[PDB]
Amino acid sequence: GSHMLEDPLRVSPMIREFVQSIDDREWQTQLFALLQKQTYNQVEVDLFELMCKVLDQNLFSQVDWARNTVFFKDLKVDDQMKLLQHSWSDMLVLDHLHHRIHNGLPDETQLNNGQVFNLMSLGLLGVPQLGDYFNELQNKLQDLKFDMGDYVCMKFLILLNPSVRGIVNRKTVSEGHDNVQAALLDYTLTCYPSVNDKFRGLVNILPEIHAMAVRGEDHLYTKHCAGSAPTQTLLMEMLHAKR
């Protein structure tokens, strides 16, 4: 139910459609697949680099998702690019927030290398120190009964942010953001009546999540400056954009 919609009988079509666009399975599959491929038959690997590899892949998938999004369709690339550039970091955390809670993703895994990958890092973007903060959010979210439905709406909310510098077709973005908020509100009201101010509780998180993303992007960029990771990646390009 957490990873599922609450009262499917009472859910809007829009939301159902949003949940359509998520294949959790593919995400986890893709994740371990890369991890296996990157590590089997290798004596040692740079764990930091690997995390980046995962993130790079995630980004591609992120882009793919947005692309097929109903709202993006009505958008020009320049505009889409700007939106994606703004919150890629933001989505990763939430996505991680989603898996950690909904799908029982663990903090670490044994690599078949005898090496251990900190999965948890993926959601901290390499800043270990944010774990308490990440956790605080995970707890807040759980108490709010964060569900699969909530998670998708929040993604759009994050993505479809009008107050983003340089976006030409502002109206469309505002409208979509505005719809989703409403849809989210409705869902909370109809399907989680018992949870008071759930809408606000969830909406309030986004700002918090963003703060985490910022630290994370900066660390990731700082690391790239040091020569720690490949420069040709989408991840770097994304990291680069705001500079």
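Residue numbers run from 1 along the displayed sequence.
Student: Once you work out the mean C-alpha B-factor for both 39-47 and 173-181 from the entry, which is higher?
Tutor: It is 39-47.
Student: Do the CA atoms of 156-164 or those of 91-99 have the higher mean B-factor in the entry?
Tutor: Comparing 156-164 with 91-99, the higher average CA B-factor belongs to 156-164.
Student: Could you say whether, by C-alpha temperature factor, residue 22 belongs to the lowest, middle or highest third of its chain?
Tutor: Highest third - that is where residue 22 ends up once the chain's C-alpha B-factors are sorted.
Student: Sort the modelled residues of this chain by their C-alpha B factor and say whether residue 146 lands in the lowest, middle or highest third.
Tutor: Bottom third by C-alpha B-factor.
Student: Considering every modelled residue of the chain and its Cα B-factor in the PDB entry, is residue 209 in the lowest, middle or highest third?
Tutor: It falls in the bottom third of the chain.
Student: Against its chain's modelled residues, does residue 70's Cα B factor rank lowest, middle or highest third?
Tutor: Within its chain, residue 70 is a highest-third residue by C-alpha B-factor, going by the deposited values.
Student: Divide the modelled residues of the chain into thirds by Cα B-factor and specify which third, lowest, middle or highest, holds residue 62.
Tutor: Residue 62: CA B-factor falls in the middle third of its chain.
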